[PDB]
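The next block holds one structure in the form of structure tokens; read it before the comments.
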Amino acid sequence: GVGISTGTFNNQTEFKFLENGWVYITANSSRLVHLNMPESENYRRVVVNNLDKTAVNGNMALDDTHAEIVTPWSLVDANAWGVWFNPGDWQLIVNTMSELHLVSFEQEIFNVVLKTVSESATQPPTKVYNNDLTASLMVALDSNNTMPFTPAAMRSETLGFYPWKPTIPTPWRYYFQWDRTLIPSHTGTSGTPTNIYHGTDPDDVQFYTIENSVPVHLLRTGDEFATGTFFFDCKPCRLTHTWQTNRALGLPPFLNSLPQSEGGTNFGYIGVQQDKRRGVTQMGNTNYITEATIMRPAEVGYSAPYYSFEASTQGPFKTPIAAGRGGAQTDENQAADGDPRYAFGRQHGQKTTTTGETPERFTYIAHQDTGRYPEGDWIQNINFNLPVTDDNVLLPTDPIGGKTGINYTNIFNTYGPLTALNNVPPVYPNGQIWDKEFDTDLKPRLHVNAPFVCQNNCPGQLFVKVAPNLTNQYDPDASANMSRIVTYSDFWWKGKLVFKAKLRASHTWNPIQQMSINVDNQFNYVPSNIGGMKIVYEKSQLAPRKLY
Amino acid sequence: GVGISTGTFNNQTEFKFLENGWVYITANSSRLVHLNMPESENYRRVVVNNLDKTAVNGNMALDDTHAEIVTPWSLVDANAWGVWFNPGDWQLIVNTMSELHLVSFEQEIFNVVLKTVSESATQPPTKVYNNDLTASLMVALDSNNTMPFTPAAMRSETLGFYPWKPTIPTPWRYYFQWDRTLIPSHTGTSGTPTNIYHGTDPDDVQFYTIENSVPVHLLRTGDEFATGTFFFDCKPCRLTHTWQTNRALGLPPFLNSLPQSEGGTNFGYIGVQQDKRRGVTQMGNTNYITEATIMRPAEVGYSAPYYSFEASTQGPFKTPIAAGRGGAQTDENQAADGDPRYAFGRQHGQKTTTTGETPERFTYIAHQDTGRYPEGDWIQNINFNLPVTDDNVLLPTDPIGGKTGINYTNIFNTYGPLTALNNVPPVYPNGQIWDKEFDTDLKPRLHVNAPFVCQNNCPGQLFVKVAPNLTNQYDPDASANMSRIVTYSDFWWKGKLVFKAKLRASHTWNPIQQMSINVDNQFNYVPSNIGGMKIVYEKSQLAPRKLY
Amino acid sequence: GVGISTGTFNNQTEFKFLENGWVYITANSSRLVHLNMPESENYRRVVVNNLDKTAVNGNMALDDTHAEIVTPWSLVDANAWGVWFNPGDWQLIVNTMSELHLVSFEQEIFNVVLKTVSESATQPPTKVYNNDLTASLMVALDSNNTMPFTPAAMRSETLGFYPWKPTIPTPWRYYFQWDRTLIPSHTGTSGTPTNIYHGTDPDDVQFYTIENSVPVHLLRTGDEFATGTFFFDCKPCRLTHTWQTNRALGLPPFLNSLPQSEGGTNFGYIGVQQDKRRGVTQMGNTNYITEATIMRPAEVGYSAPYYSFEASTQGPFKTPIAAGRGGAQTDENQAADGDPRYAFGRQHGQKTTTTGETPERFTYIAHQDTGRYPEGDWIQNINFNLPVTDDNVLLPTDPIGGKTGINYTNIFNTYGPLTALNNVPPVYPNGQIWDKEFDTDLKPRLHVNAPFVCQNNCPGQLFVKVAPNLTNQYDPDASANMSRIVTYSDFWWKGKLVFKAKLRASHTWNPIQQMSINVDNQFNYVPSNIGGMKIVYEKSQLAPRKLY
């Protein structure tokens, strides 16, 4: 009731060691959640069209045009690593574990409190906060997944990552179908390229409402709500990275001459003339057997067009790629297409005492060597007469379509039946944990935003909303917006995310990479003298594994 | 208690598919209901007499004279289609179902909240809202149907049609017997026609009070009330329309000459001289057998006097008719007597963001072809000498009583033992669902306001009222009206209306009419950019069925 | 508790038809009851002495001198017909029933609410009402009848007669013994007649307190109280009236000459000389046998001194009489001694919208013909020489004691062993229902105020009082009256009064008197256009019955 708590705070992470090197990881997360009443009680169909930006020739990548339904509901999303693990737990997992299985998820709301605000007309303004013991919090669990799936991690709008910091839900909204055409252009393009919002296709209209699709629980201060346990059906997530490219697959050539002294220039030598060597190649018209030409079982990674923008009914979108760029591990400045860039605020890692709306950002450079170095690619004539002449080779420095800044690698695609690739690594703390699989007939082989993909279903989205607190003058048949008592709710959210992981084994003489605190990064993991906190991103696939 | 909810919000519509093509439709509807304390705590016997309007000769149709008992109670009425089905559900029903059975109805009130208003005498006015945890809401269910039946759909005063929009009950009142005489007149009528309110007949006086007839429950904030399930006993409602008139019944004539080429003017021909044909007619003194004169099994539809006003003890009233006008399906402007016209506000379909008290209106044009085209009627002498001469035929253009604007069709009635007709179609969203059968010895064959008629009884009306919240200065022996604390209540209403329907079958080569979203009507079914909503009317008897 | 109701409102009257023409009448009555805290918390012994009025010679009938204990308690009295039956129920009972048995009575208090008033010192006065959730209502049921019996109907201070109108209890007080002498006088009396309040006789002192005699329940807002069912032990009450006087008892004389034609003056004739007739008389010295002198079995009714005032220890009081005056049925203006006169306010029948403290009044004229017509009495000498001479007869026009306005009928008493009389009829709505029998050794044969007399005991009186709500400055050892928080209570009272009645039978060819609505009285039974209500008195012994 009014004076009785309905739940307990718990933010402990439990590691229970099972038999045969398996560990049962239970991540308990609890948060105080602050919820204001919605700006409006009505659903809105809102169109955004930043014509001012895209009207500048060459700015088509800046398109924000879309249509969305703005709802009075708020989304409680815990689908991000930082919600469940602090840096120490993450270190333990990524240093001691080799693979991760997502097992189950459950959440509850308890200790609901609803308050009203009265602001007097006194010349020196003043306001008072009073409990509304009979007011209700509306809670809806879309366990059947009737609503569109809108994971908040993509917008950095999940629950906060600090147990001792109150957090907020995010106002819920979803895309509403629209037709939009945007012809690309460049600086110096003559005229005005077609840039039009065409409207909505009636056959694609889907207006969803929570009230018509999901049972809604009314929670007074003495009530609680528990979702029950949901069990996942996902593939395991590897906590190791592969390093072998095509060049490091299989038996190396036999070295007939080995170095006799230590030193930088004391190389070995194969010792057999290149066109007199033994082995197998797929180049049926040459006798050269080299590390570049020797047959490999398949292809590790693939080349794809990079910063290619494809257009469909709704306008242009960047073509996604599975893996990051090669060479970024050596030079951070070379991080580009395929290296996810995260931008987030003070709830999710940015130093909490900073000021301004400029977000904290980082580009994740995965340890896996499955990318491409397009500056090193080339195409040459089938005749394969070496050394190749200018007319018989296409180089990455050769312009395509007359454009000095575009080469064939920009439009190149080597994905095929022989392609082998890995799933995206977890991105702590801002990365998404699980994602919903598409309801297309043919499904993608992976998702680029989360390591765990929901093959059949994963937990229903949790929606909350302050129930309307009407004054005595309400008139439903009037055009003016409803008159409401200013009401807001604080409730406690507790979730339990269960993983299963395998303890790693030492396979090599040498030690392996391990996440460690050091003098440089020390102060990223403790509060500042004024309580300021931050959570820096951490890599997750530290240890290597042999691909082949 | 104070901090514990007593019910759950549910506005889902469930379709459970039974065996053999039958579907169990459960319509769950939930609403937040706002109730102010009554203007007065006393019953009033009020007489209305718009003598100013009817005193103008020729305005007798504008009579509003009547007597009613105004009660302090409010009526919670959910008897309208829009309360239970959104447009998508209605589309599913009317496109996939052939008939509809009304099964059961139940409703409950929960999460009662009562608040008081205190408005200070401060020069800048201010008011505060406080919970009255010990105040009560008075709830009475007239399960025995002791009270007069006053369905709110007729006045467009049912609960609103939007789950996310708070709604209100309607102040309850009922007719009180009166005698009234109004002699009709026209412009140019000499003198003042008798226009008098005669009073009340003592033998017809019926003063009903809720307190003396119905048990009254007092609900505090921790209490709830459930009516229990009521099971209906009504006839099924068809979701198909008949198109066959008398002219399309039975075996057509045999065509002895069929067209040889496609084209507009390539007609067939019966090929037998009209007075030499074989068949049966009811015209015993003629040898002509034509499509107009051939015997048909019975009569589909009937002609009735239209815009005829009959007078009784209480004054004039329009004579109702079962079916709409013929030709309205081709031309909307020809919709007249028999085509119900609905007028409603922003709770019940009118664009919620509109301003002013002008209501939204529509005339329902049913798909069934059971009406009459009076311009096509005629009467001719029994001698039946063709071509008929002027003196031997009465045409719709012949004046009656010397009035150029009145013809015999205005006073014509062809209802008889051979008449066949259909029940009124459901009118979504504003149409009434069920209605109470009259307690006369001889009962009408149908009602024009609802498809489902209550043969024995249907659910008792639900009445609510804020219990009087007295100040300390109450004096019952004083003439002044009672001094009350300004109190109002918000409670949640939930109802469950159960139907049973039969899935339609395809009987013909061709497809049939189906309700569909399209480019024209698209934006009638989604919110506006400022949250404005509307519910446009939908037809219900789309698919055809053969009458004979 | 605070948010949970403890009872249900019910004002229904149930007629359950038993076997053999008996009906079980259950009168349910419910009221909202408003109770202010007592003016003082102490008992007071107060003496009233309107010496100014009685000091005028000839005004002794206006004596109001008495002594009473004024208590801080309030009395909840439902002992009046109007509390239990509306006019329709009363019509049903008095038209269809022949006798009435009082069976049982029970009552309860529920949904208690206590509030405090805070009135600010702001220059524009303002006051606020707040629930005192911990305050208590003190409720005492004197089931043992230890307290004096003070039926409120005598002062028109019972609960109100309208279910939808809040009512109040009456401040409780009871008589305290006193000695008082008032010598009667007339206009023109010389000197000052003795008019003295003598004080109190110590041997007759009885100071009663609720606290010392009755267990007291403390009800907080979440508590209720039920008296339990009390079963009465009273005689049945007839709903028929007798019409036969002594003149209509037994065998009429045989008419030897019957009229031969219809007409006003066609009388029958006994046809036997009066002193030659056969029969029996109690006049042993006369041969005249007439309708006036023939022996009758006994005497119906009796003559008593009228407007006689007897004096005892406490001063003069009117001598009560069992039956009303003869001839009042023909002329209302002749209603006098024995015809009870009721005066009441707007809670109990007076038009609720009237203004001023002038009460509504009516004189009840019973249908029974058991009274006397003193103008028709006479006394004559035993010699009985007819026609009687002046000296041998005492006429009602003969002065007694030399007073032209006083005759022997004013001091006449014919009550004796032969007297037969009826119980007083019920007086709807203001009449008392039951009354407590005196605790004298010899008990009266009836009471004039109620038809049902309590032979052993009838339900204990119900007392309520707002418990003292003290401020922080209370000092019990100070002479000043206690400082209390202004507190008041609203509670719901529900009672159930059970009767048993016998359905009437038709004994005669002719129909009988029946209460009916008509054009004249129509508007006495329905609310006015501003909600004004009234309850007019109704007669109860409509149907006749044969006495002998």
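Each chain in the structure tokens gets a letter, A, B and so on, in the order shown; residues start at 1 in every chain, and ligands are counted from 1 in the order they appear.
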Chain A contacts to chain B at 8 Å (only C-alpha atoms) as JSON, numbers by chain: {"A": [1, 2, 41, 42, 43, 44, 45, 46, 47, 118, 120, 121, 132, 133, 134, 135, 136, 201, 202, 203, 207, 211, 212, 213, 214, 215, 216, 217, 218, 219, 220, 221, 222, 223, 470, 471, 472, 474, 476, 477, 478, 479, 480]}
Close residues, residue 292 (chain C) itself excluded, 12 Å, only C-alpha atoms, min 5 positions apart in chain, as a list in words: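 Selected residues are residues 245, 246, 247, 248, 249, 252, 253, 274, 280, 281, 282, 283 and 377 of chain C.
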Atom-to-atom span, CA of residue 81 (chain B) and CA of residue 445 (chain B), Å: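 Separation between CA of residue 81 (chain B) and CA of residue 445 (chain B): 22.4 Å.
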Between CA of residue 224 (chain C) and CA of residue 139 (chain B), distance in Å (one decimal):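 Distance between the two atoms: 20.0 Å.
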Which of region 172-355 of chain A fall in strand (DSSP E or B), as a ChimeraX atom specification: /A:172-175,179-182,195-199,216-219,225-226,230-231,237-238,240-242,257,269,281,294,299-300,309-312,315-318,341-344
Residue contacts of residue 452 (chain B) (9 Å, only C-alpha atoms) excluding same-chain residues fewer than 6 positions away, as a VMD selection string: chain B and resid 101 to 102 234 to 237 432 to 436 446
Atomic distance CA of residue 462 (chain C) - CA of residue 78 (chain C), expressed in Å with one decimal: 9.7 Å
Residue neighbourhood region 414-429 of chain B, 7 Å, only C-alpha atoms, exclusion window fewer than 2 positions, as a PyMOL selection string: chain B and resi 80-82+298-304+370+412+431+446+448+450-451+537-541
Now that the selection is made, can you save its residues with C-alpha atoms as an mmCIF file, in the first residue's frame?
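The resulting again.cif:
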data_model
loop_
_atom_site.group_PDB
_atom_site.id
_atom_site.type_symbol
_atom_site.label_atom_id
_atom_site.label_comp_id
_atom_site.auth_asym_id
_atom_site.auth_seq_id
_atom_site.Cartn_x
_atom_site.Cartn_y
_atom_site.Cartn_z
ATOM 1 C CA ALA B 80 -22.746 2.760 -30.032
ATOM 2 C CA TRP B 81 -20.486 0.982 -32.508
ATOM 3 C CA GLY B 82 -17.680 3.541 -32.258
ATOM 4 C CA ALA B 298 -44.453 -11.022 -53.335
ATOM 5 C CA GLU B 299 -43.437 -7.367 -52.965
ATOM 6 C CA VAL B 300 -39.929 -6.271 -51.995
ATOM 7 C CA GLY B 301 -40.168 -3.073 -49.976
ATOM 8 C CA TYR B 302 -43.192 -0.826 -49.695
ATOM 9 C CA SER B 303 -44.285 2.739 -50.342
ATOM 10 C CA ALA B 304 -45.207 4.893 -47.355
ATOM 11 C CA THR B 370 -35.385 -2.053 -50.870
ATOM 12 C CA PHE B 412 -49.470 6.472 -50.584
ATOM 13 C CA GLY B 431 -25.136 3.916 -34.855
ATOM 14 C CA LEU B 446 -38.154 -3.934 -36.451
ATOM 15 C CA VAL B 448 -35.144 1.914 -37.252
ATOM 16 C CA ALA B 450 -30.588 -0.296 -34.033
ATOM 17 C CA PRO B 451 -30.117 -3.689 -35.726
ATOM 18 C CA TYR B 537 -18.781 6.658 -41.061
ATOM 19 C CA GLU B 538 -18.454 3.286 -42.778
ATOM 20 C CA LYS B 539 -21.014 1.132 -44.556
ATOM 21 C CA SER B 540 -21.711 -2.347 -43.207
ATOM 22 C CA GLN B 541 -23.652 -4.430 -45.768
#
